[PDB]
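Student: One structure, pasted below without further comment.
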Amino acid sequence: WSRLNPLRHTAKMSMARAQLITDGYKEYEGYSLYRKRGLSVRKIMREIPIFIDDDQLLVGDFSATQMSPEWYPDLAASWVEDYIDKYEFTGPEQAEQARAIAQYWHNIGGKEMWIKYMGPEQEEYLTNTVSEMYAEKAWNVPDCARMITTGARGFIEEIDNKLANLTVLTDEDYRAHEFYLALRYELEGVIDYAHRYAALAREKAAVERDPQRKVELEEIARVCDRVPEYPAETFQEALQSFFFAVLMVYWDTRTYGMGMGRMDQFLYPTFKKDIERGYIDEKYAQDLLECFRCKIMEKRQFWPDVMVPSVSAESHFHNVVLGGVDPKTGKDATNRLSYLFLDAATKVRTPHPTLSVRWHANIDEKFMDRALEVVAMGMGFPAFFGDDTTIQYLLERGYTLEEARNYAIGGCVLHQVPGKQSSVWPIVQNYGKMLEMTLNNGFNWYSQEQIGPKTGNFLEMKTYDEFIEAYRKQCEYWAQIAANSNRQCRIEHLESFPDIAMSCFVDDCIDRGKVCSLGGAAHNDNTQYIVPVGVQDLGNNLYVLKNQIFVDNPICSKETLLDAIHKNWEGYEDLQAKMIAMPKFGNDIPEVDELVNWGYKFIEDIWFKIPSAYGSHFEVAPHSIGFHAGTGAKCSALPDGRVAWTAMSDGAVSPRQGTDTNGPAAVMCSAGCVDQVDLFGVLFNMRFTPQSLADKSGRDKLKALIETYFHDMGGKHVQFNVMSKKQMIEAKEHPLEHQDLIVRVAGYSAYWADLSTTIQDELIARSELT
Ligand SMILES: O=C(O)Cc1ccc(O)cc1
């Protein structure tokens, strides 16, 4: 009854893109890839199954059967093998169809073409090589709502004004002449897509008996008759217009961490249009935002199980930034449309649309108090981002102050302006696992193979300054060997799986006539980066290296140490308790909280002088998504009392696990001692108990503590979740029951049933605060 009604995961495998792209490549054979793609995608949207759900007033969906996740063979296809039905993956009996597409799309798929290119193929855990040929790229926020007040028609004109009055093909990239035609070809695709619903919604009208539900869709057909093609005019046809731009991208590439930030900023002129004109009510607007959280869900993920350890089983980042600052004037933009957004998170309790708030000095204290109740209930949501510091990072990249003020976020914590960055290609490297390799000697304990460089013998280091060069020499190897892989993989993805439709919403892409992935990016700045996930464990161990190994303590010699972790404290269980009691990050120890700052300052030195993509340099994104588990489980033992095969850390500057013997103010004062201005978004989450946040103390102690954390300490991002540790243990022993539990992990909340085991038991260990 609570306004909205989401439903169940009674889903099966769907072949409405794979089979529809397969015969698109065959019917449009010979046309260049830029055109053979664009011609096939409009074939999809104009021909794919369509339906309108019940009591919903949004039409376009992310699949051809309710919640059945589509499959894209353009990116990969040879991962569907022998089981016929068996593990969250299921089909009816059509396995002979997947093997038919896999037979066709063999050696012509993204990874399928990619894995030949190399030659030898080094399977890895120190870098996500498996997640770079298999995972779809997005993690941006294009201007599909900042550049959709023009409409698809206004786009096709600029393309037509381009192919005619500026072409003169003097090899002005035949690739560019074909990109232009392609971009039109699926711009009419998003027209046919919404003109199919108009004919179907109008058909769903006469046979309808409820006259209010009849007029509900009779206006939707009138919306979709003008929403995608021409510029929108009303709040009901501005949302549907923006959404169809999110789908046209999804039909060309399963847009991963695509952000849709600032819906409280660009749906306002129509919001302020219909309301003050009595055309739409606040509850009606709260209906669409409710119907927006539901319809966005169907985009489930469908990747091989070999990555579920590192990417969970349903890690979706559909973030939207509510609140903020008016760019042209500097005042606050926190408005009622932001109030209805987190009002929607009440009546519908979906965990994917992140719904993030952006704090700033003169923000609206009322709609920030009301934001603290949204995380006071279930779900660890409105991930408060602090501006002021993030602005300095964007302004020092090159963006103008208006572009910087107007920033949103893409994916987890990546903050960036809308239509400028271009489909990021990330790199994971557990800089605690590097410590394992150099404390060894490039041996990769879990693998027991001399796969690294013999930088130096630990039993012959002599001094700490000698170690940190043997740690630099080892880290730099996995730099020019990891970047060098997905650098020329973004370039290689020009023979397969480029993002043509997404270029409709990247600046200068239309002008230079080149896609955002390869070339026509307006800013090749924050477009490639690294995620160190567990660098707290670097500082905690570096402290043990700096303090209490070299100089004093020869009993805990370099020999007694390496063997203790070799056997994982077995026979040394007395020692680990002392190291686990040594000063650890998360409290308020400058002697231990400053080494994690120098830690990032050690990573920011090597990678920032490494060129990237088409220009600029690699960034450093300390965030995480689930890569602490799949990497830590293969990262064997650490000096700071760690056990062998356990996770790294909970991302960026979050305290390790049970290391905060001090209150919440310390856990942020520590995390504040990080010069996080040049850090591409920090993932900082911590757990409170519901007795603290569900009272005035939540909107009094926290606010005074989170505002102080960002203004005095220069933080960037803070995200909370309230849930008892027993409630998670009670979910571990009853996982058949709590299959719809909202648990935060790392910049998102996902159902506990699709969460990995190593992530569950790790979430038990996170401390409780008051
Ligand atoms: O988000 C990540 O860090 C992993 C990733 C790698 C490649 C890709 O295409 C998508 C995601």
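Residues are referred to by chain and number: the chain letter is A, B, ... according to the order shown in the structure tokens, the number counts from 1 in that chain, and ligands are numbered separately from 1 in the order shown.
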Produce as a list in words the set of residues near ligand 1, where near means within 8 Å with only C-alpha atoms and all ligand atoms considered.

Tutor: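 Counting only what the definition allows, namely only C-alpha atoms and all ligand atoms, the set is residues 128, 131, 132, 133, 134, 135, 136, 137, 138, 139, 256, 257, 311, 424, 425, 426, 427, 428, 530, 531, 624 and 625 of chain A.
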
Student: Running DSSP on the backbone, which parts of segment 346-595 of chain A land in alpha helix (DSSP H), as a ChimeraX atom specification?

Tutor: /A:346-347,366-376,389-395,401-405,431-439,464-477,483-492,509-512,536-546,558-566,573-579,590-593,595

Student: Taking 3 positions as the minimum chain separation for residues in the same chain, which residues sit within 8 Å of residue 302 of chain A when counting only C-alpha atoms? Answer as a ChimeraX atom specification.

Tutor: /A:69-71

Student: Between A:450, A:338, A:255, A:310, which is the closest to residue 497 of chain A once you count only C-alpha atoms?

Tutor: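 Nearest to residue 497 of chain A: A:255.
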
Student: Would you kindly return, as a PDB file with C-alpha atoms, in the first residue's frame, each protein, DNA or RNA residue with an atom no farther than 7 Å from any atom of residue 309 of chain A, considering only C-alpha atoms and excluding same-chain residues fewer than 5 positions away?

Tutor:
```pdb
ATOM      1  CA  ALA A 629      37.715  -9.191  -0.370  1.00  0.00           C
ATOM      2  CA  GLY A 630      38.669 -10.753  -3.707  1.00  0.00           C
ATOM      3  CA  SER A 756      29.872 -12.609  -0.851  1.00  0.00           C
TER       4      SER A 756
END
```

Student: So that I can check the surroundings of residue 35 of chain A, please list as a PyMOL selection string every protein, DNA and RNA residue that reaches within 9 Å of it, counting only C-alpha atoms and ignoring chain neighbours fewer than 6 positions away.

Tutor: chain A and resi 28+178-179+181-183+185

Student: Next, the residues of the selection above should be written as a PDB file, in the first residue's frame with C-alpha atoms.

Tutor:
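Resulting contents of selection11.pdb:
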```pdb
ATOM      1  CA  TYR A  28      24.536  -4.938 -41.459  1.00  0.00           C
ATOM      2  CA  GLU A 178      31.173   7.066 -39.541  1.00  0.00           C
ATOM      3  CA  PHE A 179      30.809   8.098 -35.891  1.00  0.00           C
ATOM      4  CA  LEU A 181      26.240   8.847 -38.993  1.00  0.00           C
ATOM      5  CA  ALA A 182      26.227   6.279 -36.182  1.00  0.00           C
ATOM      6  CA  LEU A 183      25.267   8.884 -33.589  1.00  0.00           C
ATOM      7  CA  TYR A 185      21.299   6.220 -36.290  1.00  0.00           C
TER       8      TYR A 185
END
```

Student: Name the residues in contact with segment 362-365 of chain A at a cut-off of 10 Å, using only C-alpha atoms, excluding same-chain residues fewer than 4 positions from it; report them as a list in words.

Tutor: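 Contacts, with the query itself left out: residues 323, 324, 325, 331, 332, 333, 334, 335, 358, 369, 370, 371, 699 and 703 of chain A.
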
Student: Write to file, as a PDB file, in the first residue's frame, the residues of the selection just made, with C-alpha atoms.

Tutor:
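Writing done, so here's out13.pdb:
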```
ATOM      1  CA  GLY A 323      21.314  19.367  -2.906  1.00  0.00           C
ATOM      2  CA  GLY A 324      24.397  21.301  -3.897  1.00  0.00           C
ATOM      3  CA  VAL A 325      25.073  24.874  -5.030  1.00  0.00           C
ATOM      4  CA  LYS A 331      23.823  30.200  -3.423  1.00  0.00           C
ATOM      5  CA  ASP A 332      22.182  26.975  -2.279  1.00  0.00           C
ATOM      6  CA  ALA A 333      20.157  24.847  -4.693  1.00  0.00           C
ATOM      7  CA  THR A 334      18.663  22.521  -2.055  1.00  0.00           C
ATOM      8  CA  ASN A 335      15.013  22.644  -3.121  1.00  0.00           C
ATOM      9  CA  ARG A 358      26.315  17.473  -1.098  1.00  0.00           C
ATOM     10  CA  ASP A 369      18.461  17.205   9.339  1.00  0.00           C
ATOM     11  CA  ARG A 370      15.784  15.460   7.266  1.00  0.00           C
ATOM     12  CA  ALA A 371      18.670  13.781   5.433  1.00  0.00           C
ATOM     13  CA  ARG A 699      20.645  15.468  14.103  1.00  0.00           C
ATOM     14  CA  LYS A 703      25.847  17.179  12.154  1.00  0.00           C
TER      15      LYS A 703
END
```

Student: Assign secondary structure with DSSP using the backbone only, and return the residues of segment 536-709 of chain A in strand (DSSP E or B) as a list in words.

Tutor: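 Selection result, strand (DSSP E or B) within segment 536-709 of chain A: residues 611, 617, 685, 686, 687 and 688 of chain A.
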
Student: Using only C-alpha atoms, which residues sit within 9 Å of residue 80 of chain A once same-chain residues fewer than 2 positions away are excluded, as a count of residues only?

Tutor: 7

Student: How far is it from atom CA of residue 422 of chain A to atom CA of residue 506 of chain A, in Å with one decimal?

Tutor: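 Between these atoms lies a distance of 7.1 Å.
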